Each structure stands twice: as C-alpha cells, then as structure tokens.
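Given next are the chains, with one letter for each unit.
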Amino acid sequence: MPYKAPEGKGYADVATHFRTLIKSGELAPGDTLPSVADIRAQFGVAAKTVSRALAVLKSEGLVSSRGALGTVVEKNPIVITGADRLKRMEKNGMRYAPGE
C-alpha cells in the first residue's frame, strides 16, 4: 500500500475511484466498509476525503449505515438503466478499470 497524496483534488476523485472498489475491489455490494487506511492508498486522496465522498456513496458507492453488520455497502443501487448514466455518451468510451 503506497500512501498516495492528493495533489489538487477533493472528494470527487474518491467518489470516482470508490465506484471501482464496489466493482471487484474487495468491497463488493454486500460487504462492509474498510478503514480509511485502505481507501487512503487506493484513493490518492486525503484521509479525510474518503469520509467526504462517503456521504455521496450512499447513492453513489452504494453504502448505507446498517446497524447490524455495520456500515455495509448495500444501500441504493445507482440509477443505472443504461450505459449513459455511468459512461456518459458525451465522452470517449475508453477502458476503465474492469476488475479493480
């Protein structure tokens, strides 16, 4: 784990990279949130910034406060009914992390 420092980005980059964690990451939907340390290296972001995007990850990263198993990532599947919402047909459809 390389502690990757945030050069000039906020909780947008983490929200973006968290969408990857939820894919294969180890943090699939149905698993509970890791400590900020895991994010801190995966997200080249500040160790407070994870806790920032987390409030977005309720809709975005699919997480919800679950007072049983803990802060488990299965809240609200992002409104994806097409590739437009996730890939955006405005921009080029180049390779994204398909198994990270």
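Residues numbered from 1 in each chain as written, not as in the entry; some residues may be left out. Heavy atoms only, no water.

- For this coordinate set, the PDB header names solution NMR as the determination method.

### A word on the side chain of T49
Item 1. Tracing the sequence through the fold places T49 in helix α3 (residues 49–53).
Item 2. For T49, the contacting residues outside a window of four places in its chain are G10, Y11, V14 and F43. (Helix = DSSP H or I, 4+ residues; strand = E, 2+ residues; numbered from the N terminus. Contact = heavy atoms within 4.5 Å.)

### A short note on the packing of aromatic side chains
Item 1. In the structure shown here, the tally under the stated rule is zero aromatic pairs.
Item 2. Just above the ring of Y3 sits the side chain of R40; from NZ or CZ to the centre is 3.8 Å. (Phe/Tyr/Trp six-rings, centres within 6.5 Å; stacked < 30°, edge-to-face > 60°. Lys NZ or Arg CZ within 6 Å of the ring centre and 35° of its normal.)

### Observations concerning the layout of surface pockets
Item 1. One number sums up the size of the largest pocket: a volume of about 780 Å³.
Item 2. Surrounding the largest pocket, 21 residues form its lining, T16, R19, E60, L86 and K87 being those nearest its centre.
Item 3. Of all elements in the fold, only α1 (11–21) and α4 (83–86) reach the threshold of two or more residues within the lining of the largest pocket.
Item 4. When residues of the lining of the largest pocket are assigned to their parent elements, the largest contribution, five residues, is made by α1.
Item 5. Counted by class, the lining of the largest pocket contains ten nonpolar, three polar and eight charged residues. (1 Å grid on protein atoms, 1.4 Å probe; cavity = no way out; pocket = protein on both sides within 12 Å on 5 of 7 lines; lining within 4 Å. Points joined across faces, edges and corners; volume = space filled by probe spheres on them. Nonpolar A, V, L, I, M, F, W, Y, C, P; charged D, E, K, R; others polar.)

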